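**Student:** Please find my_file_4.pdb (PDB, C-alpha atoms (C1' of nucleotides) and all ligand atoms) on the next line:
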```pdb
ATOM      1  CA  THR L  86    -111.345 -30.030 -51.656  1.00  0.00           C
ATOM      2  CA  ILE L  87    -114.909 -29.138 -50.670  1.00  0.00           C
ATOM      3  CA  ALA L  88    -114.241 -30.288 -47.111  1.00  0.00           C
ATOM      4  CA  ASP L  89    -111.093 -28.165 -46.976  1.00  0.00           C
ATOM      5  CA  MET L  90    -113.031 -25.144 -48.225  1.00  0.00           C
ATOM      6  CA  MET L  91    -115.686 -25.702 -45.567  1.00  0.00           C
ATOM      7  CA  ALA L  92    -113.162 -26.293 -42.760  1.00  0.00           C
ATOM      8  CA  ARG L  93    -115.164 -29.527 -42.182  1.00  0.00           C
ATOM      9  CA  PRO L  94    -114.147 -33.197 -42.377  1.00  0.00           C
ATOM     10  CA  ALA L  95    -114.813 -35.022 -45.621  1.00  0.00           C
ATOM     11  CA  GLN L  96    -116.970 -38.067 -44.897  1.00  0.00           C
ATOM     12  CA  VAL L  97    -119.332 -36.069 -42.688  1.00  0.00           C
ATOM     13  CA  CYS L  98    -119.643 -33.402 -45.379  1.00  0.00           C
ATOM     14  CA  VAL L  99    -120.423 -36.062 -47.979  1.00  0.00           C
ATOM     15  CA  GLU L 100    -123.088 -37.551 -45.714  1.00  0.00           C
ATOM     16  CA  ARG L 101    -124.643 -34.119 -45.226  1.00  0.00           C
ATOM     17  CA  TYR L 102    -124.690 -33.561 -48.985  1.00  0.00           C
ATOM     18  CA  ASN L 103    -126.368 -36.929 -49.504  1.00  0.00           C
ATOM     19  CA  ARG L 104    -128.993 -36.053 -46.901  1.00  0.00           C
ATOM     20  CA  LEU L 105    -129.699 -32.778 -48.738  1.00  0.00           C
ATOM     21  CA  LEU L 144    -113.177 -58.246 -25.399  1.00  0.00           C
ATOM     22  CA  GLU L 145    -113.357 -56.936 -21.769  1.00  0.00           C
ATOM     23  CA  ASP L 146    -110.229 -58.813 -20.686  1.00  0.00           C
ATOM     24  CA  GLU L 147    -108.384 -57.432 -23.710  1.00  0.00           C
ATOM     25  CA  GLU L 148    -109.542 -53.914 -22.847  1.00  0.00           C
ATOM     26  CA  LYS L 149    -108.331 -54.357 -19.276  1.00  0.00           C
ATOM     27  CA  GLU L 150    -104.935 -55.646 -20.383  1.00  0.00           C
ATOM     28  CA  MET L 151    -104.390 -53.132 -23.178  1.00  0.00           C
ATOM     29  CA  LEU L 152    -105.432 -50.293 -20.871  1.00  0.00           C
ATOM     30  CA  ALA L 153    -102.964 -51.491 -18.239  1.00  0.00           C
ATOM     31  CA  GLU L 154    -100.205 -51.650 -20.843  1.00  0.00           C
ATOM     32  CA  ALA L 155    -101.127 -48.269 -22.298  1.00  0.00           C
ATOM     33  CA  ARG L 156    -101.248 -46.643 -18.866  1.00  0.00           C
ATOM     34  CA  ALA L 157     -97.827 -48.077 -18.031  1.00  0.00           C
ATOM     35  CA  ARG L 158     -96.430 -46.726 -21.292  1.00  0.00           C
ATOM     36  CA  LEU L 159     -97.855 -43.207 -21.197  1.00  0.00           C
ATOM     37  CA  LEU L 160     -96.895 -42.622 -17.561  1.00  0.00           C
ATOM     38  CA  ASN L 161     -93.393 -44.171 -17.567  1.00  0.00           C
ATOM     39  CA  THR L 162     -90.869 -41.723 -19.067  1.00  0.00           C
ATOM     40  CA  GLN L 163     -88.421 -44.634 -19.147  1.00  0.00           C
ATOM     41  CA  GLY L 164     -86.697 -47.204 -21.350  1.00  0.00           C
ATOM     42  CA  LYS L 165     -83.420 -49.100 -21.172  1.00  0.00           C
ATOM     43  CA  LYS L 166     -81.005 -46.275 -20.288  1.00  0.00           C
ATOM     44  CA  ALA L 167     -83.331 -44.340 -17.967  1.00  0.00           C
ATOM     45  CA  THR L 168     -84.341 -47.403 -15.957  1.00  0.00           C
ATOM     46  CA  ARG L 169     -80.850 -48.897 -15.888  1.00  0.00           C
TER      47      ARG L 169
ATOM     48  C1'   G N   1       7.650 -44.511 -22.986  1.00  0.00           C
ATOM     49  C1'   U N   2       9.492 -41.430 -27.010  1.00  0.00           C
ATOM     50  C1'   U N   3      13.024 -38.417 -27.092  1.00  0.00           C
ATOM     51  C1'   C N   4      16.766 -33.146 -27.532  1.00  0.00           C
ATOM     52  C1'   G N   5      20.500 -31.475 -24.169  1.00  0.00           C
ATOM     53  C1'   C N   6      24.196 -31.734 -19.653  1.00  0.00           C
ATOM     54  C1'   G N   7      27.421 -34.843 -15.816  1.00  0.00           C
ATOM     55  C1'   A N   8      29.899 -39.852 -14.525  1.00  0.00           C
ATOM     56  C1'   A N   9      31.631 -45.170 -15.718  1.00  0.00           C
ATOM     57  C1'   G N  10      33.105 -48.575 -19.982  1.00  0.00           C
ATOM     58  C1'   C N  11      29.356 -45.692 -29.497  1.00  0.00           C
ATOM     59  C1'   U N  12      27.052 -48.990 -24.364  1.00  0.00           C
ATOM     60  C1'   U N  13      25.132 -48.011 -19.227  1.00  0.00           C
ATOM     61  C1'   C N  14      23.411 -45.024 -14.839  1.00  0.00           C
ATOM     62  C1'   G N  15      22.154 -39.830 -12.776  1.00  0.00           C
ATOM     63  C1'   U N  16      19.660 -35.387 -14.274  1.00  0.00           C
ATOM     64  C1'   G N  17      16.941 -30.216 -17.142  1.00  0.00           C
ATOM     65  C1'   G N  18      13.494 -29.773 -20.794  1.00  0.00           C
ATOM     66  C1'   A N  19       9.837 -30.936 -24.743  1.00  0.00           C
ATOM     67  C1'   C N  20       5.935 -34.251 -26.087  1.00  0.00           C
ATOM     68  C1'   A N  21       0.907 -36.103 -23.881  1.00  0.00           C
ATOM     69  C1'   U N  22      -2.213 -33.917 -20.151  1.00  0.00           C
ATOM     70  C1'   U N  23      -9.038 -34.466 -15.638  1.00  0.00           C
ATOM     71  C1'   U N  24     -13.226 -39.911 -18.688  1.00  0.00           C
ATOM     72  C1'   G N  25     -18.069 -41.381 -17.274  1.00  0.00           C
ATOM     73  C1'   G N  26     -23.340 -40.987 -14.503  1.00  0.00           C
ATOM     74  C1'   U N  27     -31.201 -37.442 -14.916  1.00  0.00           C
ATOM     75  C1'   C N  28     -29.311 -44.635 -14.580  1.00  0.00           C
ATOM     76  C1'   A N  29     -26.185 -47.739  -9.794  1.00  0.00           C
ATOM     77  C1'   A N  30     -28.128 -55.756 -10.260  1.00  0.00           C
ATOM     78  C1'   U N  31     -35.330 -59.245  -7.277  1.00  0.00           C
ATOM     79  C1'   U N  32     -39.890 -57.928  -4.202  1.00  0.00           C
ATOM     80  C1'   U N  33     -40.954 -51.406  -1.803  1.00  0.00           C
ATOM     81  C1'   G N  34     -41.969 -45.919  -6.426  1.00  0.00           C
ATOM     82  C1'   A N  35     -45.912 -47.803  -9.316  1.00  0.00           C
ATOM     83  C1'   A N  36     -47.450 -51.565 -17.264  1.00  0.00           C
ATOM     84  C1'   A N  37     -51.369 -53.744 -18.885  1.00  0.00           C
ATOM     85  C1'   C N  38     -54.532 -57.635 -20.581  1.00  0.00           C
ATOM     86  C1'   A N  39     -56.394 -62.067 -18.714  1.00  0.00           C
ATOM     87  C1'   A N  40     -59.279 -64.944 -15.070  1.00  0.00           C
ATOM     88  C1'   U N  41     -63.431 -65.874 -11.497  1.00  0.00           C
ATOM     89  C1'   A N  42     -67.912 -64.049  -9.767  1.00  0.00           C
ATOM     90  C1'   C N  43     -71.812 -60.740 -10.798  1.00  0.00           C
ATOM     91  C1'   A N  44     -74.660 -58.069 -14.032  1.00  0.00           C
ATOM     92  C1'   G N  45     -75.088 -56.376 -19.105  1.00  0.00           C
ATOM     93  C1'   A N  46     -76.215 -53.006 -24.484  1.00  0.00           C
ATOM     94  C1'   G N  47     -78.435 -44.371 -27.046  1.00  0.00           C
ATOM     95  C1'   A N  48     -83.295 -42.361 -28.280  1.00  0.00           C
ATOM     96  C1'   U N  49     -88.132 -45.123 -28.655  1.00  0.00           C
ATOM     97  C1'   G N  50     -92.999 -49.468 -27.450  1.00  0.00           C
ATOM     98  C1'   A N  51     -89.200 -52.381 -29.824  1.00  0.00           C
ATOM     99  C1'   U N  52     -84.906 -53.311 -33.251  1.00  0.00           C
ATOM    100  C1'   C N  53     -81.018 -50.817 -35.479  1.00  0.00           C
ATOM    101  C1'   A N  54     -77.479 -46.778 -38.429  1.00  0.00           C
ATOM    102  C1'   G N  55     -74.541 -42.808 -38.361  1.00  0.00           C
ATOM    103  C1'   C N  56     -72.942 -37.863 -36.869  1.00  0.00           C
ATOM    104  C1'   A N  57     -71.599 -34.491 -33.396  1.00  0.00           C
ATOM    105  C1'   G N  58     -71.363 -32.008 -28.223  1.00  0.00           C
ATOM    106  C1'   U N  59     -69.144 -31.030 -22.758  1.00  0.00           C
ATOM    107  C1'   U N  60     -65.012 -32.698 -19.899  1.00  0.00           C
ATOM    108  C1'   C N  61     -59.226 -31.482 -14.492  1.00  0.00           C
ATOM    109  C1'   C N  62     -60.802 -39.696 -19.189  1.00  0.00           C
ATOM    110  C1'   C N  63     -58.273 -41.856 -22.357  1.00  0.00           C
ATOM    111  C1'   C N  64     -56.854 -46.018 -25.991  1.00  0.00           C
ATOM    112  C1'   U N  65     -55.837 -47.816 -31.309  1.00  0.00           C
ATOM    113  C1'   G N  66     -54.346 -45.083 -35.304  1.00  0.00           C
ATOM    114  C1'   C N  67     -48.625 -41.811 -39.402  1.00  0.00           C
ATOM    115  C1'   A N  68     -52.665 -39.056 -38.941  1.00  0.00           C
ATOM    116  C1'   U N  69     -55.730 -32.522 -39.267  1.00  0.00           C
ATOM    117  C1'   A N  70     -58.142 -40.120 -42.055  1.00  0.00           C
ATOM    118  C1'   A N  71     -60.779 -43.467 -39.514  1.00  0.00           C
ATOM    119  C1'   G N  72     -62.037 -46.417 -35.388  1.00  0.00           C
ATOM    120  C1'   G N  73     -63.094 -47.093 -30.428  1.00  0.00           C
ATOM    121  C1'   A N  74     -69.913 -49.902 -25.750  1.00  0.00           C
ATOM    122  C1'   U N  75     -73.781 -43.880 -29.862  1.00  0.00           C
ATOM    123  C1'   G N  76     -65.342 -45.018 -27.267  1.00  0.00           C
ATOM    124  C1'   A N  77     -65.291 -43.259 -21.444  1.00  0.00           C
ATOM    125  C1'   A N  78     -68.401 -39.910 -17.397  1.00  0.00           C
ATOM    126  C1'   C N  79     -72.993 -36.749 -18.918  1.00  0.00           C
ATOM    127  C1'   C N  80     -79.803 -39.604 -17.755  1.00  0.00           C
ATOM    128  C1'   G N  81     -79.015 -36.740 -11.236  1.00  0.00           C
ATOM    129  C1'   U N  82     -79.815 -32.648  -8.139  1.00  0.00           C
ATOM    130  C1'   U N  83     -83.631 -28.950  -8.896  1.00  0.00           C
ATOM    131  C1'   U N  84     -86.509 -23.977  -2.178  1.00  0.00           C
ATOM    132  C1'   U N  85     -83.854 -16.590  -2.387  1.00  0.00           C
ATOM    133  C1'   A N  86     -80.687 -10.282  -7.362  1.00  0.00           C
ATOM    134  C1'   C N  87     -87.682 -11.858  -4.612  1.00  0.00           C
ATOM    135  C1'   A N  88     -90.938  -7.472  -4.175  1.00  0.00           C
ATOM    136  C1'   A N  89     -96.182  -5.153  -4.010  1.00  0.00           C
ATOM    137  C1'   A N  90    -101.526  -5.198  -2.384  1.00  0.00           C
ATOM    138  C1'   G N  91    -105.632  -6.988   0.769  1.00  0.00           C
ATOM    139  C1'   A N  92    -107.694  -9.735   5.278  1.00  0.00           C
ATOM    140  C1'   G N  93    -107.157 -11.751  10.391  1.00  0.00           C
ATOM    141  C1'   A N  94    -104.248 -12.352  15.177  1.00  0.00           C
ATOM    142  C1'   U N  95    -100.529 -11.426  19.843  1.00  0.00           C
ATOM    143  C1'   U N  96     -96.844  -7.677  22.010  1.00  0.00           C
ATOM    144  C1'   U N  97     -95.760  -1.600  23.099  1.00  0.00           C
TER     145        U N  97
HETATM  146 MG    MG X 201     -71.781 -48.475 -32.598  1.00  0.00          MG
END
```
Written as structure tokens, that's how I'd like the structure from this file.

**Tutor:**
Amino acid sequence: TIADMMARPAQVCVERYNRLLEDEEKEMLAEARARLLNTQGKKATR
RNA sequence: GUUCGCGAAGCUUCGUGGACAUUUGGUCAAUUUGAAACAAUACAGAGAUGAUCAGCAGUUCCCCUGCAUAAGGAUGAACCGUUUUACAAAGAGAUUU
């Protein structure tokens, strides 16, 4: 509620109050890139 | 043929005038060439979305099954692509008269 009132996120607000591998990456990125770019599927490609 | 009359031969038989009854059927003609479809082989192959799947519609000079204004057909079929002008105004530079 406090966070909402602020317009801030919650965890950060709370913190403030308190105060006072590579291969996988490569592969996933490749996949992701393919996905985001390609406006395709079964019917579009076919 | 039925018969109701006339005229000849022996009620029986020929020859006649009438009356009765009167125009069917085909948009077609019997095997390839006036248009049935499935099936089969081969080849691919399943709406969004990353994937899997439901259902509903929509457009059409596409239909099918269905008694159907039910319902169902690959989301039933094809739609997913191509896509450059009622086109003017302002500024700068260049060649021709
Ligand atoms: Mg279906």

**Student:** Where does the PyMOL selection byres ((chain L) within 9 of (chain N)) land in this file, that is, which residues does it pick, as a PDB file with C-alpha atoms, in the coordinates of the input?

**Tutor:**
```
ATOM      1  CA  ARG L 158     -96.430 -46.726 -21.292  1.00  0.00           C
ATOM      2  CA  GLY L 164     -86.697 -47.204 -21.350  1.00  0.00           C
ATOM      3  CA  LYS L 165     -83.420 -49.100 -21.172  1.00  0.00           C
ATOM      4  CA  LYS L 166     -81.005 -46.275 -20.288  1.00  0.00           C
ATOM      5  CA  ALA L 167     -83.331 -44.340 -17.967  1.00  0.00           C
TER       6      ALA L 167
END
```

**Student:** Evaluate the PyMOL selection byres (((chain N and resi 64) around 8) and not hetatm) and record the selected residues as a count of residues only, following the chain and residue labels used in the document.

**Tutor:** 3

**Student:** Sorted by chain and rising residue number, which residues of chain N lie within 12 Å of ligand MG 201 (chain X), and what are their closest atom pairs and distances in Å to one decimal, counting all atoms listed in the file, as a Markdown table?

**Tutor:**
```
| residue | atom | partner | partner_atom | distance |
| --- | --- | --- | --- | --- |
| N:46 | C1' | X:MG201 | MG | 10.3 |
| N:47 | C1' | X:MG201 | MG | 9.6 |
| N:53 | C1' | X:MG201 | MG | 10.0 |
| N:54 | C1' | X:MG201 | MG | 8.3 |
| N:55 | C1' | X:MG201 | MG | 8.5 |
| N:56 | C1' | X:MG201 | MG | 11.5 |
| N:72 | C1' | X:MG201 | MG | 10.3 |
| N:73 | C1' | X:MG201 | MG | 9.1 |
| N:74 | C1' | X:MG201 | MG | 7.2 |
| N:75 | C1' | X:MG201 | MG | 5.7 |
| N:76 | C1' | X:MG201 | MG | 9.0 |
```

**Student:** Draw an axis-aligned box tight on the listed atoms of segment 41-57 of chain N, then pad every side by 5 Å and write out centre and edge lengths in Å to one decimal as lines of an AutoDock Vina configuration file.

**Tutor:**
```
center_x = -78.2
center_y = -50.2
center_z = -24.1
size_x = 39.6
size_y = 41.4
size_z = 38.7
```

**Student:** Which distance in Å separates atom CA of residue 149 of chain L and atom CA of residue 162 of chain L, to one decimal?

**Tutor:**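 We find that atom CA of residue 149 of chain L and atom CA of residue 162 of chain L lie 21.6 Å from each other.
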
**Student:** Do you know which residues are at most 12 Å from segment 18-23 of chain N counting only C-alpha atoms (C1' of nucleotides), after dropping those on the same chain fewer than 2 positions away, and could you put them as a PyMOL selection string?

**Tutor:** chain N and resi 1-6+16+25

**Student:** Could you check how far atom CA of residue 160 of chain L sits from atom CA of residue 144 of chain L, in Å to one decimal?

**Tutor:** 23.9 Å

**Student:** Please report the interatomic distance between atom CA of residue 103 of chain L and atom CA of residue 86 of chain L in Å with one decimal.

**Tutor:**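 Between atom CA of residue 103 of chain L and atom CA of residue 86 of chain L the gap is 16.7 Å.
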